[PDB]
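As a starting point, one isolated chain is supplied in structure tokens, in the form deposited in one PDB entry.
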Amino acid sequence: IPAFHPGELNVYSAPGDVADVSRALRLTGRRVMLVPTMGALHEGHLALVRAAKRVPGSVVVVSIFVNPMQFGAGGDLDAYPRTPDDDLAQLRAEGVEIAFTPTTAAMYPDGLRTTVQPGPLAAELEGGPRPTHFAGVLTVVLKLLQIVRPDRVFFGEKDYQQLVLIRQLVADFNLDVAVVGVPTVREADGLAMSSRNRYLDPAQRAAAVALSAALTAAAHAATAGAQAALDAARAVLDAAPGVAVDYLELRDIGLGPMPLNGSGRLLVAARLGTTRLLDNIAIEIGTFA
């Protein structure tokens, strides 16, 4: 097995290197925590890392891999922010002991061949116009889970549909891993952290606060019912300059095929110029609020 220096940041590229280090550590009693990222790390990722570090005796593995198989288009792949120098420095600052940074060739030596086919949830919301997008995400996440074999894996709640689908993958394939959702870290005005916030110009940045403002307005309006909660969110989005709403949807917490009851999740997707932003919040309807 490769060298592993405790208390230091150890960087592995070969899947076999991280797998052997991981297994060795699990056998010596350390619980392995996985934080899978596409790099370009911000405070929301550091929140994921901090949550993983809280687990007694853990060793934290952060993966950084921009997965070509979840991009469609159209230069989306080429466009994705890459800032690997900032990434490793932050990990060192947080005392993470393993970074896993595989090559595309090591992840996909045979190209795309066997893949994960998500359930019907993957065709709706974000997946409506991107029909293979979530097959790309679940295939890579399955691979990462098999390579690292973590006890727990950590995701932000901001991409909530993705989180739900990952929980489905875990249940549906009997994966022996705990999925931990971490609440979305926000800028001080409530804007959800995101890699893509860097694409907002000053005016778009100012308008973008409408997404989180609409969602919290809805969560408080919801004592008056679902209609009022949705109408409040819609009004705030409507008042915002140059915000173009894609969808604004209220669903059950698992995102359907069940009607909303007392507790739910309100999801919004909107374009500012060319930048697509997503956010969501827990909603309690009526009495539960």
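Shifts are known only where both forms have a C-alpha. The term rigid core refers to the most C-alpha atoms you can superpose between the two forms while keeping them within 1.5 Å. So that there is no doubt, residue numbering starts at 1 and follows the sequence shown.
Missing here is the form deposited in another entry; even so, the following discussion is about that form.
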### Message
Which single residue of 260, 245, 235, 51, after superposing the core, moves its CA by 2 Å or more between the shown form and the other one?
### Response
260
### Query
Given that the distance between the C-alpha atoms of residue 258 and residue 119 changes by 3 Å or more in the other form, do they end up closer or farther than here?
farther
### Message
Please check whether, in the other form, the CA atoms of residue 264 and residue 258 lie closer or farther apart than here, given a change of 3 Å or more.
### Response
closer
### Query
After superposition on the rigid core, which segments of 3 or more consecutive residues show C-alpha displacements of 2 Å or more between the shown form and the other one?
73 to 75, 257 to 261
